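Student: Below is the file start33.tsv, with TSV, C-alpha atoms.
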chain	number	residue	atom	x	y	z
W	1	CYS	CA	-0.57	7.16	-17.24
W	2	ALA	CA	-3.84	6.60	-15.37
W	3	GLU	CA	-3.63	9.98	-13.66
W	4	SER	CA	-4.50	13.51	-14.68
W	5	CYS	CA	-2.56	16.31	-13.03
W	6	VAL	CA	-5.23	18.85	-14.05
W	7	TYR	CA	-5.95	19.57	-10.38
W	8	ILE	CA	-3.20	17.57	-8.63
W	9	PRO	CA	0.34	16.29	-9.36
W	10	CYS	CA	0.89	12.64	-10.32
W	11	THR	CA	0.70	10.31	-7.33
W	12	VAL	CA	0.58	6.61	-8.22
W	13	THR	CA	2.01	7.26	-11.64
W	14	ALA	CA	4.68	9.35	-9.92
W	15	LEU	CA	6.23	6.11	-8.72
W	16	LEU	CA	6.11	5.00	-12.34
W	17	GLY	CA	8.03	8.13	-13.30
W	18	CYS	CA	5.05	9.84	-14.91
W	19	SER	CA	5.52	13.54	-15.55
W	20	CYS	CA	2.71	16.10	-15.71
W	21	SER	CA	2.16	17.28	-19.28
W	22	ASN	CA	-0.94	18.89	-20.82
W	23	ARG	CA	-2.66	18.33	-17.47
W	24	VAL	CA	-2.10	14.58	-17.77
W	25	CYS	CA	0.68	12.32	-16.51
W	26	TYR	CA	2.71	10.70	-19.28
W	27	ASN	CA	5.85	8.56	-19.41
W	28	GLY	CA	6.25	7.08	-22.86
W	29	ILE	CA	2.82	5.63	-22.36
W	30	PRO	CA	-0.35	7.33	-21.02
Give the structure from this file in structure tokens form.

Tutor:
Amino acid sequence: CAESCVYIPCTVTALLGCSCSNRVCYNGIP
């Protein structure tokens, strides 16, 4: 996903169902 949760939880990618992992939002794809 195009969002890093390093300092903040997924926002745009949150709507995509992106989960925070290794400080970066992922959901099958980055």

Student: Write out as an NGL selection string which residues come within 10 Å of residue W:16 when counting all atoms listed in the file, dropping same-chain ones fewer than 3 positions away.

Tutor: :W and (1 or 10-13 or 19 or 26-27)

Student: One number please: atom CA of residue W:28 to atom CA of residue W:6, in Å, one decimal.

Tutor: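 Taking atom CA of residue W:28 and atom CA of residue W:6, their separation equals 18.7 Å.
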
Student: With a distance cut-off of 9 Å and all atoms listed in the file, select the neighbouring residues of residue W:30, excluding the residue or stretch itself and same-chain residues fewer than 5 positions from it, and output the selection as JSON, numbers by chain.

Tutor: {"W": [1, 2, 3, 18, 24, 25]}

Student: Missing atoms in stretch 5-29 of chain W: fill them in up to N, CA and C atoms and send the result as a compact mmCIF listing (two decimals), keeping the file's coordinate frame.

Tutor:
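Final output, saved to rebuild_39.txt:
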# COMPACT_ATOMS: atom_id res chain seq x y z
N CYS W 5 -3.09 15.34 -13.98
CA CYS W 5 -2.56 16.31 -13.03
C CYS W 5 -3.32 17.62 -13.06
N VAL W 6 -4.37 17.67 -13.88
CA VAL W 6 -5.23 18.85 -14.05
C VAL W 6 -5.44 19.63 -12.75
N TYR W 7 -5.72 18.92 -11.67
CA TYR W 7 -5.95 19.57 -10.38
C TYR W 7 -4.97 19.12 -9.31
N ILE W 8 -4.17 18.10 -9.61
CA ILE W 8 -3.20 17.57 -8.63
C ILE W 8 -2.07 16.82 -9.31
N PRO W 9 -0.84 16.97 -8.81
CA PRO W 9 0.34 16.29 -9.36
C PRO W 9 0.22 14.77 -9.30
N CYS W 10 0.90 14.10 -10.23
CA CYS W 10 0.89 12.64 -10.32
C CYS W 10 1.23 12.01 -8.97
N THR W 11 0.48 10.99 -8.59
CA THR W 11 0.70 10.31 -7.33
C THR W 11 1.16 8.87 -7.56
N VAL W 12 0.24 8.00 -7.96
CA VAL W 12 0.58 6.61 -8.22
C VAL W 12 1.55 6.53 -9.39
N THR W 13 1.20 7.23 -10.45
CA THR W 13 2.01 7.26 -11.64
C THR W 13 3.35 7.96 -11.38
N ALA W 14 3.44 8.68 -10.27
CA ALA W 14 4.68 9.35 -9.92
C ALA W 14 5.75 8.31 -9.63
N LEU W 15 5.33 7.20 -9.02
CA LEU W 15 6.23 6.11 -8.72
C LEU W 15 6.67 5.44 -10.01
N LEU W 16 5.83 5.57 -11.03
CA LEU W 16 6.11 5.00 -12.34
C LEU W 16 7.00 5.94 -13.15
N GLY W 17 7.21 7.14 -12.63
CA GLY W 17 8.03 8.13 -13.30
C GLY W 17 7.23 8.96 -14.28
N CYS W 18 5.93 9.06 -14.05
CA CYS W 18 5.05 9.84 -14.91
C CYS W 18 5.18 11.32 -14.63
N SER W 19 5.38 12.10 -15.68
CA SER W 19 5.52 13.54 -15.55
C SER W 19 4.25 14.23 -16.02
N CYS W 20 3.90 15.33 -15.36
CA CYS W 20 2.71 16.10 -15.71
C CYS W 20 2.93 16.86 -17.02
N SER W 21 2.07 16.62 -17.99
CA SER W 21 2.16 17.28 -19.28
C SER W 21 0.76 17.41 -19.88
N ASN W 22 0.38 18.63 -20.24
CA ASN W 22 -0.94 18.89 -20.82
C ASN W 22 -2.04 18.45 -19.85
N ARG W 23 -1.75 18.66 -18.57
CA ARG W 23 -2.66 18.33 -17.47
C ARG W 23 -2.87 16.82 -17.30
N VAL W 24 -2.00 16.02 -17.89
CA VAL W 24 -2.10 14.58 -17.77
C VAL W 24 -0.71 13.97 -17.61
N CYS W 25 -0.60 12.96 -16.76
CA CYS W 25 0.68 12.32 -16.51
C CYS W 25 1.04 11.36 -17.64
N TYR W 26 2.23 11.54 -18.19
CA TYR W 26 2.71 10.70 -19.28
C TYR W 26 4.15 10.28 -19.04
N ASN W 27 4.50 9.11 -19.55
CA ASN W 27 5.85 8.56 -19.41
C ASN W 27 6.06 7.51 -20.49
N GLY W 28 6.12 7.98 -21.73
CA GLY W 28 6.25 7.08 -22.86
C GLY W 28 4.89 6.55 -23.24
N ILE W 29 4.17 6.13 -22.22
CA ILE W 29 2.82 5.63 -22.36
C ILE W 29 1.91 6.49 -21.49
